[PDB]
Amino acid sequence: XXXXXXXXXXXXXXXXXXXXXXXXXXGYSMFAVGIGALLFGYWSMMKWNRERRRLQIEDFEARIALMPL
Amino acid sequence: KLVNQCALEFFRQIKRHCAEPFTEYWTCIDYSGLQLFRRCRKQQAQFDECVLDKX
């Protein structure tokens, strides 16, 4: 009996298949989150600066109140 | 001369009545840097409330 190297292909490994595809981001939907984070960013920040004004006037009031200084 | 004399009159009134909230508020302001009112507003609630009994 002769024994040589046997042939096997099975699945053929798929000859040239695309793996690159669009994922997560679509296009217009990313701008809704992108610019949406900006509008949420300013509104949250400016409310803190209005709360800073409560401290600001109260800080300068200490100088006016102190005349024996 | 009247300014410094009235200054002693202000601090003596706090030392006589409601001294416990005043000392606790004084320890809060010096433990931090120069926030003055930040991270000390919770201890500020103990203050003024005792003083509200007086005029």
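Numbers run from 1 along the shown chain.
This entry, so its header tells us, was determined using electron microscopy, 5.6 Å.
Note: Cβ is positioned from N, Cα and C throughout, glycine not excepted.
Annotated disulfide bond per Swiss-Prot: B:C18-B:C50 (among others), in sequence order. DSSP assigns B:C18 (disulfide bond) to coil, not to a helix or a strand.
The motif 'Cx9C motif 3' feature in Swiss-Prot is assigned to B:18-28; the stated evidence is sequence analysis.
Classification of B:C40 (disulfide bond) by DSSP places it in coil, neither helical nor stranded. Among the features that Swiss-Prot reports, disulfide bond is placed at B:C28-B:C40 (among others).
The motif 'Cx9C motif 4' annotation in Swiss-Prot covers B:40-50, and the record cites sequence analysis as its basis.
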Cβ neighbour count (within 10 Å, all chains shown) around B:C28 (disulfide bond): 18
Does B:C50 (disulfide bond) have same-chain partners at least 6 apart in sequence with Cβ under 8 Å from its own Cβ, and which are they? B:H17, B:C18, B:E20, B:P21
B:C28 (disulfide bond) - helix vs strand vs coil (DSSP): helix
Of all the disulfide-bonded residues given, B:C18, B:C40, which residue's CB has the most CB neighbours within 10 A? B:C18
